[PDB]
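Okay, structure incoming, though there's no sequence with it:
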């Protein structure tokens, strides 16, 4: 009880920290995919011209 | 929820971007086809003369 | 039982999230294909003229 | 005998739990593949038009 | 058995979905070809006149 | 011997399961190709008319 | 000598067991590849028609 | 040796299967070309008349 | 908090770095596509002449 | 030295095995290409007739 | 910063390299098209004579 | 304090060492990608010619 | 310092090795493309004759 | 050095092999084009008669 | 000094052993790639014919 309470809180802290890092992963990939959709659209135009 | 929201928006952004690139493809081909109709009309005149 | 329940729900959440992202993929491609049908129709006209 | 019995049962419990999580994996992928068949069919139409 | 059943059904669903998209491809092309027969018939008349 | 027997059988089960999924892949593609032969035949008619 | 003999034999047993599992892997993949050759042949026909 | 033998045979099976699918491709095209020779002969008559 | 702060910043740095590399990908492809439009236009002229 | 010798030989065995599988790949494709040359020749005749 | 600088430059190098290869593609096609205009002009003379 | 100081410095040393190895990774890949852009440009020319 | 020096050099060695293999890739493709330009030129002649 | 030497040679072997296959492609097409020139010459005679 | 000397030598032995195994990996892949260049050349011929 008394000893694990500082620890549980320490864990809530760590988990939220983790959520933070995770929000950043989602965004990172938002960029990466935004890149892929656009670049693949350029290849699509190549086709219309062909 | 919280982490995927920046990502969903990032995606709306990417999709609209894509629409942009696509509007440009349509126009590009407008030019290409405008070219083909006109040039084929010249061949048509060749025929009337023949 | 008790520990995996928050987890099962967490998973239902993730799966539905995934369905969301998937609905967006279908639409994205709706746009891409809508583009291809139209642009290929322009090439079709090129042919009628030819 | 006496000490491992609560444990064997605990294990049957865990294994069934695992089957549960596994049924969910199959479904998750059902969705993912359902997505791939449909989206690849759209590319197929692109071809018929081409 | 138990885990793959939701999945098999999920697949039947996807396949039928696919048949749907396919019926649409056939029709799309019905239009495209209907276009080609008619337009080529116009060129045929051009010939009779010539 | 004794421990791997439930496992070997479990594997025969899995493999047969796999054959099932595979029979479905063959059919799926039967549909996809049936689509391609027919649609390409429509393009063939376009040619006869041309 | 005396203590490791039951063990060496136990190991020969395990290794042969392993060969068994391995023969099954080869076959499993025989099926998977048999699938790929055939399915890719269907795509080949698609091409001849095209 | 022992594990790859079921596999080699599995492969001979797959290859022969493939030959089957291939014989069908040849025939399919026999039909398609038979179509083209005949239809182009009709255009030939058009010319004799012209 | 204190230990992950140098790390978060390190990540912002990395992400921006990534945006840089990405801007370069877009341009690279600008060149590649610019190439395809122009070269396909040359084939278009071939047609007008034909 | 003594322990790796059974292993080196085991490897020579595996590599030769691999050469076997590879000879089969070459042949498989011999068939596939033989198919493509012939089928494309049929399309060539279509042209002579046209 | 420090590690990606040799890399950015390496990329500028690669891109310029690419421009080089691209200038060569344009020329290659200059030749190919120069060929088509001239050869199609010969067919044009055939017509004047006819 | 006194014992960990030689160690902290030892670590700064190791980290910088690591940066070194990392700068080399970036360059290595600069080469690999430079290779891919150029080689893919050659395939691009193949297309213009086609 | 002392332990990583044999290693850095070992790496320079490996990288140069890699450049070697890469020069060979460029050439390999030189051949492949040389093949494509020439073979596509033969198809070009087919056209002039047509 | 020592390990990549058997490999470099193995590659020279493969490349030369490739040249072989390539010489065969050139010839194959020699036949195909020889076919097209001759067959198109027959159509030319058709014209002289017309 | 005295105890680690048999060990250092034992290590030189092991490392050289390792070089041996490594030379074999290079060759193994020589075969695998030799396979890929040749097989991809066959696909190249398919194209020339097409």
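It's in. Residues are numbered from 1 along each chain as shown, chains lettered A, B, ... in the order given.

For the closest residue to residue A:27 other than its chain neighbours, the count of nearby residues, please.
Excluding the flanking residues, the one nearest residue A:27 by Cβ to Cβ, 6 or more residues apart in numbering or on different chains is residue B:6, at 5.0 Å. The way it works is simple: take the backbone N, C-alpha and C, and place the C-beta from them, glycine included. Neighbours of residue B:6 under the rule other Cβ atoms under 10 Å in any protein chain shown: 14.

Contacts only, for residue B:6.
A:23, A:26, A:27, A:30 (Cβ atoms under 8 Å, 6 or more residues apart in numbering or on different chains).

Considering those, which is situated nearest to chain O?
Nearest to chain O out of those is residue A:30 (Cβ to the nearest Cβ; 35.9 Å).

Pick out the residue in chain A sitting closest to chain M.
Taking Cβ to the nearest Cβ, chain A has residue A:50 as its residue nearest chain M, at 15.1 Å.

if I look at that residue, how far off is chain G?
16 Å (Cβ to the nearest Cβ, to the nearest Å).

what do you get for residue A:26?
For residue A:26 relative to chain G (Cβ to the nearest Cβ), the value is 34 Å.

since we're on that residue, how many residues are nearby?
16.

So the residue most central in space within chain A, which state does it fall into?
Taking Cα atoms, centre = their mean, the centroid of chain A lies closest to residue A:26, which sits 1.6 Å from it. Classification of residue A:26 using DSSP: H, G, I helix; E, B strand; the rest coil returns helix.

ok, which stretches of chain A are helices?
A:4-49 (DSSP state H).

who in it is up against chain I?
A:13, A:17, A:20-21, A:24, A:27-28, A:31-32, A:35, A:38-39, A:42-43, A:45-46, A:49-50 (Cβ under 8 Å from any Cβ of the partner chain).

Please list only the buried members of these.
For the residues of chain A next to chain I, a neighbour count by 16 or more other Cβ atoms under 10 Å in any protein chain shown gives the buried set as A:24, A:27, A:28, A:31, A:35, A:38, A:39, A:42, A:45, A:46, A:49.

doesn't residue I:21 make contact with the fourth one?
Which is residue A:31. No: using Cβ atoms under 8 Å, residue A:31 is not in contact with residue I:21; the gap is 10.6 Å.

check contacts around the closest residue to chain D within chain A.
In chain A, the residue that lies nearest chain D is residue A:47 (8.4 Å; Cβ to the nearest Cβ). Residue A:47 sits next to C:36, C:39 when contact means Cβ under 8 Å, 6+ apart.

hmm, 10 Å instead?
B:25, C:35, C:36, C:39, C:40, D:46, D:50, I:36, I:40 (Cβ atoms under 10 Å, 6 or more residues apart in numbering or on different chains).

For the third one, give me its contacts.
Translated: residue C:36. A:44, A:47, A:48, B:25, C:29, D:42, D:43, D:45, D:46, D:47, D:49, D:50 are the contacts of residue C:36 under Cβ under 10 Å, 6+ apart.

Confirm for me that the third one is in contact with residue B:21.
No: the pair residue A:48 and residue B:21 does not pass the contact test of Cβ atoms under 10 Å, sitting 11.2 Å apart.
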